[PDB]
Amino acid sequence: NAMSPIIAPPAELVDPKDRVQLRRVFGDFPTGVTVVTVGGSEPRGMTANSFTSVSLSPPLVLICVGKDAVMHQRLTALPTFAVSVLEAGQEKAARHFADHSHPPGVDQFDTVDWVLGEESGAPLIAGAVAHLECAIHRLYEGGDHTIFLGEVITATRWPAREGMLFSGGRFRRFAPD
């Protein structure tokens, strides 16, 4: 379009030092929503959108976990985890495991339906689009986060289920097609 340049909507220049502004550009890339879980005497879960498939052979995925998260230390202590890719109607689960809202000290899994993952020993979220059980193969430096590279040990999927969406800091849904 001839005028697209001068007609373009407001462009925001983003200073990467400006944490608020930077969060906004990071939020511009749409993603699904996962719950990463780990086992142990007190299992834990964390809603995460940083999940990324990495390699087919070998089968690898990654997740980025904040050093400020309880999950960070749980993962370094126990090098196996599960990923539950949430379905569109699972906002209850998404909220439950987000924003460090249910801290350690009491059971974090008493309000969400889950099944034990045999290979990971971690709770898997019932009703999810897919479950992946992974073994942590590498830890990579990621600034205020750590990049955990996982090797996929087993996985299950429900083809009739469609994933939740997250973008611009909000839950979204697909249009049919």
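Each residue number is its position in the shown sequence, starting from 1.
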Looking at the deposited entry, does 112-120 or 66-74 carry the larger mean Cα B-factor?
-> 112-120
Stretch with the higher entry mean CA B-factor, where the candidates are 99-107 and 82-90 | 99-107
For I136, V61, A48, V38, the deposited C-alpha B-factor is largest at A48
Given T146, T52, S57, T31, the residue at which the Cα B factor reaches its maximum = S57
In terms of the chain's CA B-factor thirds, is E141 lowest, middle or highest?
-> middle
Which third, lowest, middle or highest, does the CA B-factor of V14 fall in along this chain?
-> middle
Considering only modelled residues of the same chain, in which third does the CA B-factor of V25 rank: lowest, middle or highest?
-> lowest
